[PDB]
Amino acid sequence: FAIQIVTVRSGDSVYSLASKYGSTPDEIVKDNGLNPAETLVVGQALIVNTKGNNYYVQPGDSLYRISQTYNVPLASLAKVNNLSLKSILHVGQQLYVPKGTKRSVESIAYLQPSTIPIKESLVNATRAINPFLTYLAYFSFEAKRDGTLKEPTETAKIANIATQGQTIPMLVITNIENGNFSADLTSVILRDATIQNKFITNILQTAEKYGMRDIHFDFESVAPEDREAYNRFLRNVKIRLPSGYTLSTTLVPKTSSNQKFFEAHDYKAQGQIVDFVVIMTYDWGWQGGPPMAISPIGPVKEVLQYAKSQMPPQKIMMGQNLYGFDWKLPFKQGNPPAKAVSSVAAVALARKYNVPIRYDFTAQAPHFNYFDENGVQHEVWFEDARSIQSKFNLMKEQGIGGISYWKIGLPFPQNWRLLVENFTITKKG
């Protein structure tokens, strides 16, 4: 009960921060996945041991936020510090924080390799993250028009990693043909009973072969005319799954019930059938658009609220990006796509180009701008400990089931440590 988030200020080093808070440099380096030889960046968010039941106020904090973060009732936190519920805080102010009570969470992470065989670095990242997971989602098995599946490479290896860590490997099935989501493919599978029957049979045999106890459909770009056929397919699978198996689906983010591309993702119908959904609450800012926060918290909250109106909250898994993007400016159609960056890589750009990391308190996201060696301006939006803590607190407020991360292979050590600090991670293995 000792870790907190600290934002780096001018002049700070791992040595000075350890001295200030009575920690060790080695601990700060390890917890934050730092290269011990590198400088800290002003505005970088670190996790630091500031002693048990002890907290130093950060920029933008409120007693409400701190109580949400540490799972302590707000009245208790206020009382034990002789403060009012809306009391004005200042940075550096010391608070006593009682031991809170952690709620359970289910966590998912997706793995999507780009090579055959899978890169060693990616297999190592999967092993590192697996202990923090309820589910591991190897993306993907591609559905075929004859009702068979294209298996991704080294499936047995990846499933075994999951199983040995009491993580459930998901059987992730997509309607991808030649690298793109295909409405024509789902029209065949959702409309022909003979093929669909063979398909479901093959899915069950594949799941049983690899110990994949959750069957997950990521069907996208489904024709609107197939909305109810997709619902019927999901009912058909659900009815035939044996005891101990579950069913899940991917949903595009929505904030209302009529808001043609969208229609086939029927929130109400799927919510009645499946065990859980993964809602893709990310890519407001995206690779092909102008620079902005990838998953701004206001719109994400709107999507979660809409989802709760359509289905039970426990069934909802909030999608969360681990990536940010580096955009070259000015944004123009025909520009190259933005470059995806890990949290660690984003900080490394700010370090290299000597700029501080800023924080947007409305979006709840870190960002910065820099000039490269050719004089081209870049803008970066990414994820760090501050914004992930805001997202965890949103999950608590909304009472939803869990969080689903896209994707393994994007270093961000603070995310995984904060996940276990905030929640009890459910293991079903």
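Sequential numbering from 1, following the sequence displayed.
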- Task: Mind giving me a quick count class for deposited residues absent from the model between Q259 and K260? Options are none, 1 to 3, 4 to 9, 10 or more.
- Result: 1 to 3
- Quick note on 366-374 and 32-40: per-entry mean CA temperature factor is higher in 32-40
- Ranked by mean Cα B-factor in the entry, 385-393 and 59-67, top stretch is 59-67
- Tell me which of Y359, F325, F219, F233 tops the list for C-alpha B factor in the record. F233
- Out of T155, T167, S295, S342, which residue has the highest Cα temperature factor in the PDB record? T155
- Where does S76 sit by CA temperature factor within its chain: lowest, middle or highest third? highest
- Once the chain's modelled residues are ordered by C-alpha B factor and cut into thirds, is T426 in the lowest, middle or highest one? highest
- Query: By the record's CA B-factor, is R213 among the lowest, middle or highest third of residues in the chain?
  - Reply: middle
- Message: Which third, lowest, middle or highest, does the C-alpha temperature factor of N53 belong to within its own chain?
- Response: highest
- Query: How does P290 rank on Cα B-factor within its chain, lowest, middle or highest third?
  - Reply: middle
